[PDB]
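Accompanying notes for the structure given below.
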Amino acid sequence: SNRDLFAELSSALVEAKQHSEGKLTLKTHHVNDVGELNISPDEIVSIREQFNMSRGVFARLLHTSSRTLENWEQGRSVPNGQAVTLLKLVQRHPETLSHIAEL
Amino acid sequence: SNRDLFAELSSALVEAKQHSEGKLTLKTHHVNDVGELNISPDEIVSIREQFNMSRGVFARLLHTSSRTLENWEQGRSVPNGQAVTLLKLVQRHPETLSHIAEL
Amino acid sequence: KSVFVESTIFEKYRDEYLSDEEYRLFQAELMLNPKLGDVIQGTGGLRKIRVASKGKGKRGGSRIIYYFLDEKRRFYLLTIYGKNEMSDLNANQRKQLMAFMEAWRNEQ
Amino acid sequence: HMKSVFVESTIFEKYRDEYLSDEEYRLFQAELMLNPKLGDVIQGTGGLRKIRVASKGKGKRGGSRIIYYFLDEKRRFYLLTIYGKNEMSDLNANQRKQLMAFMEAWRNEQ
DNA sequence: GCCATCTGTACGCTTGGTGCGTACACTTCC
DNA sequence: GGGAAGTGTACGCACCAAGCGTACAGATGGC
Ligand SMILES: [Mg+2]
Ligand SMILES: [Mg+2]
Ligand SMILES: [Mg+2]
Ligand SMILES: [Mg+2]
Ligand SMILES: [Mg+2]
Ligand SMILES: [Mg+2]
Ligand SMILES: [Mg+2]
Ligand SMILES: [Mg+2]
Ligand SMILES: [Mg+2]
Ligand SMILES: [Mg+2]
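This is how it looks when you write it as structure tokens:
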């Protein structure tokens with residue numbers, strides 16, 4: 002379409018100055034930076050119990066060794082960072098689990 | 002009760018018998034078995050290059066140490082199973098990345 | 002490597018009780034463990050599973066009745082319902098189902 | 000970077016959906032929060048930045064441009080416009096000088 | 001048109017995960 | 001009310017990943 006760069010930049014910059022002064026309302030989206038994710042063994046167990054799945058089935062659906070998941074839930078080892086990320090992804094968005102199995 | 006168990010169970014088992022005989026068509030969904038996920042260093046680099054992201058930003062959005070991601074792309078270490086799973090998840094559904102940062 | 006066949010009744014009602022995503026995860030769960038549902042006593046091997054429970058959620062819940070056909074890795078999904086909206090199967094009904102199941106197993 | 004805010008201009012709000020999906024837009028905001036210097040400075044404009052998106056490589060052929068300004072002391076991104084790569088003329092020297100003067104007067108005010 | 005900045009290479013090293021291999025008990029279902 | 005898997009407990013052990021520190025080598029971006 003017929004679209005002028007300088008004209009739009011001028012209109013947008015006068016909107017921006019007026020907004021910074023507080024004389025104008027514009028659509029605003031915030032974003033928080035990424036956080037330091039961690040998880041306890043009890044939290045892992047509770048995640049899996051929310052699905053009502055045995056350890057084997059849950060590990061299988063998460064592409065994870067069931068013996069390593071055993072190590073995590075008994076608290077023998079601290080899960081690697083990606084495991085914590087994956088687990089909490091599933092916890093907050095459980096539909097992800099089916100898609101994770103689909104890979 | 003608006004619905005009597007035996008009537009539905011009987012109609013469903015006679016449907017099942019007729020489908021096993023091959024005289025009837027019913028809506029059918031398959032699901033594939035779970036796989037052994039693996040990934041090469043080149044595949045990791047190519048995944049990240051698909052996003053037009055530097056190593057640092059990609060690691061940050063994946064809640065991952067950039068030095069570890071460096072280890073993977075240089076082929077110094079083999080990523081842990083959950084890392085491969087996460088990477089392939091992002092590769093297959095790139096919108097996941099935003100949600101992974103969102104946690 | 003596993004196949005699910007919906008009855009017409011299941012197809013008509015599944016969407017009222019199960020979302021599509023819940024159904025996909027349900028299929029994965031059952032393929033991993035075909036014995037997830039408890040055998041209904043005296044019926045020749047029909048299985049019943051509650052799947053609207055986040056663990057021991059007995060009061061709330063949807064129910065599925067299914068049958069696992071060893072050959073072909075094939076699950077027949079027979080019905081879907083709300084937890085307290087359905088009568089039980091009496092002894093004559095169970096005996097009739099047991100005879101039907103035995104005739105199928107004999108045929109195969 | 001405790002937190003960053005994106006402010007859409009009316010023009011940006013009006014056109015963003017023609018060029019960026021919501022998911023693409025969400026990932027774009029995350030990218031910018033991580034690196035507020037992601038876009039290259041437009042020469043002679045007092046710090047306006049231009050960023051290419053929707054390109055995995057060979058991004059000139061691929062579609063769209065975003066122009067923005069980052070207000071450092073407020074951690075605030077003003078998203079000024081969005082367009083296709085060959086849909087809009089360029090800025091001649093007088094236009095750039097005028098933008099530079101506007102940005103300098105604004106930065107001078109506070 | 002000569003600058004930090006940005007973005008990658010590679011190796012060594014300390015700490016701990018990992019994935020069993022094994023022995024051993026309760027329990028839910030047949 | 002028996003039997004049998006079906007789940008969990010915990011410990012030991014070889015390999016090696018994880019996450020740096022550290023020294024270099026180019027490639028771009030800001031005037
Ligand atoms: Mg437990
Ligand atoms: Mg618990
Ligand atoms: Mg929970
Ligand atoms: Mg929750
Ligand atoms: Mg490549
Ligand atoms: Mg909009
Ligand atoms: Mg380690
Ligand atoms: Mg360290
Ligand atoms: Mg360091
Ligand atoms: Mg260069």
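So the sequence lines, in the order shown, correspond to chains A, B, C and D. Per the deposited numbering, the first sequence starts with residue 2, numbered consecutively. Per the deposited numbering, the second sequence starts with residue 2, numbered consecutively. Per the deposited numbering, the third sequence starts with residue 2, numbered consecutively. Per the deposited numbering, the fourth sequence starts with residue 0, numbered consecutively. Even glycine gets a Cβ: it sits at the ideal position worked out from N, Cα and C.
Note to self: Let me check one thing: in DSSP terms, what residues is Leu78 (chain C) bridge-paired to?
What the structure shows: BP columns for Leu78 (chain C) point to C:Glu7, C:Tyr67.
Note to self: Quick test of your reading: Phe76 (chain D) and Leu31 (chain D), contact by CB under 8 Å. State the CB separation rounded to the nearest angstrom.
What the structure shows: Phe76 (chain D) to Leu31 (chain D), Cβ: 6 Å. Contact.
Check: What are the complete alpha helix (DSSP H) segments, minimum 4 residues, inside the stretch 55-100 of chain A?
Finding: DSSP assignment within the stretch 55-100 of chain A yields the following whole alpha helix (DSSP H) runs of 4 residues or more, N-terminal first: 56-62, 67-74, 82-93.
Note to self: Residues of chain A with CB closer than 8 Å to the CB of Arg61 (chain B), please, in chain order.
What the structure shows: Within chain A, the residues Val35 have their CB atoms less than 8 Å from the CB of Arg61 (chain B), given in chain order.
Check: Can you list the residues of chain A that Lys59 (chain C) reaches, using a CB-CB cut of under 7 Å?
Finding: The contact set of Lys59 (chain C) on chain A, defined by CB atoms closer than 7 Å, is empty, because the minimum CB distance reaches about 12 Å.
Next item on the list: Determine the contact status of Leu19 (chain D) and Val52 (chain D), defining contact as a CB-CB distance below 8 Å.
Entry: Yes, Cβ-Cβ distance for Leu19 (chain D) and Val52 (chain D) is below 8 Å.
Check: Rounded to a whole number of angstroms, what is the C-alpha to C-alpha distance between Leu70 (chain B) and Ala60 (chain B)?
Finding: One Cα belongs to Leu70 (chain B), the other to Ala60 (chain B), and the distance between them is close to 7 Å.
Notebook entry, point to check: If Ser99 (chain B) sits next to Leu26 (chain D), beta carbons under 8 Å apart, how far is it from one beta carbon to the other, in whole angstroms?
Noted result: At roughly 5 Å, the Cβ-Cβ gap stays under 8 Å, so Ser99 (chain B) and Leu26 (chain D) are in contact.
Notebook entry, point to check: Between the C-alpha atoms of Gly61 (chain D) and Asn72 (chain A), what's the straight-line distance to the nearest angstrom?
Noted result: If you take the alpha carbons of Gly61 (chain D) and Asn72 (chain A), they lie about 48 Å apart.
Checklist line | CB-CB length for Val32 (chain A) against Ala29 (chain D), believed under 8 Å | finding: At roughly 6 Å, the Cβ-Cβ gap stays under 8 Å, so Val32 (chain A) and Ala29 (chain D) are in contact.
Item checked: Nearest residue (CA-CA) to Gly23 (chain A), options D:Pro35, D:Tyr68, D:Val6, D:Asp21 -> Nearest C-alpha to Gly23 (chain A): D:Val6.
Check: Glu96 (chain A) touches chain C at which residues, Cβ-Cβ below 9 Å?
Finding: Simply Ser20, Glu22, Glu23, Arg25, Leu26.
Check: Taking 8 Å as the CB-CB limit, is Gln92 (chain B) close to chain D?
Finding: False, the Cβ-Cβ gap to chain D never drops below 8 Å.
Item checked: Coil, strand or helix - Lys96 (chain D) by DSSP -> Helix at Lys96 (chain D).
Margin query: Against chain A, does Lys96 (chain C) count as a neighbour if the rule is that its beta carbon must be under 8 Å from one of theirs?
Written below: No - not a single Cβ of chain A is within 8 Å of the one on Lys96 (chain C).
Check: So is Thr26 (chain A) buried or exposed if we call it buried at 16+ other beta carbons inside 10 Å?
Finding: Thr26 (chain A) is exposed by the Cβ-count criterion.
Next item on the list: Tell me, please, whether the CB atom of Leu38 (chain A) is closer than 8 Å to any CB atom in chain B?
Entry: Chain B, which has a Cβ nearer than 8 Å to the Cβ of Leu38 (chain A), makes this yes.
Margin query: Going by DSSP in three states, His0 (chain D) sits in which element: helix, strand or coil?
Written below: The answer is coil: DSSP assigns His0 (chain D) none of H, G, I, E or B.
Check: Could you give the distance in angstroms between the alpha-carbon of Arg106 (chain C) and the alpha-carbon of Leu47 (chain C)?
Finding: Each residue's Cα considered, the two are about 13 Å apart.
Notebook entry, point to check: Does the beta-carbon distance from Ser67 (chain B) to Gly57 (chain B) come in below 8 Å?
Noted result: Cβ atoms of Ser67 (chain B) and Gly57 (chain B): closer than 8 Å.
Checklist line | N-terminal and C-terminal residue of the alpha helix (DSSP H) that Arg49 (chain B) is part of | finding: First-last of the alpha helix (DSSP H) with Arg49 (chain B): 42-51.
Check: How many whole angstroms separate the CB atoms of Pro80 (chain A) and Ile40 (chain A), which I take to be in contact at a CB cut-off of 8 Å?
Finding: Right, their Cβ atoms sit about 7 Å apart.
Next item on the list: Output yes or no for whether 8 Å exceeds the beta carbon distance between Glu74 (chain B) and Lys55 (chain D).
Entry: No.
Margin query: Along the chain, where does the beta strand (DSSP E) containing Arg51 (chain C) start, and where does it finish?
Written below: 48-51 is the span of the beta strand (DSSP E), which, as asked, contains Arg51 (chain C).
Notebook entry, point to check: Residues near ligand 3, CB to any non-hydrogen atom under 6 Å, in chain order?
Noted result: Taken from the N-terminal end onward, the list reads A:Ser47, A:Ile48, A:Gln51, A:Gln92.
Margin query: Just to make sure I have the definition right: I need the residues of chain A whose C-beta is within less than 7 Å of the C-beta of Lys89 (chain B). Which are they?
Written below: Result: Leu104.
Note to self: Measuring only from the beta carbon, is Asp43 (chain B) closer than 7 Å to any heavy atom that is part of ligand 5?
What the structure shows: Look at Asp43 (chain B): its beta carbon is less than 7 Å from one of the heavy atoms in ligand 5.
Check: Name the residues in the stretch 25-53 of chain D whose C-beta lies less than 7 Å from a C-beta of chain A; which are they?
Finding: Taken in chain order, the members of the stretch 25-53 of chain D whose beta-carbon sits within less than 7 Å of a beta-carbon on chain A are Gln28, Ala29, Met32.
Margin query: Check for me: the alpha helix (DSSP H) holding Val35 (chain A) runs from which residue to which?
Written below: For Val35 (chain A), no alpha helix (DSSP H) segment is defined, and its DSSP state is neither H nor E.
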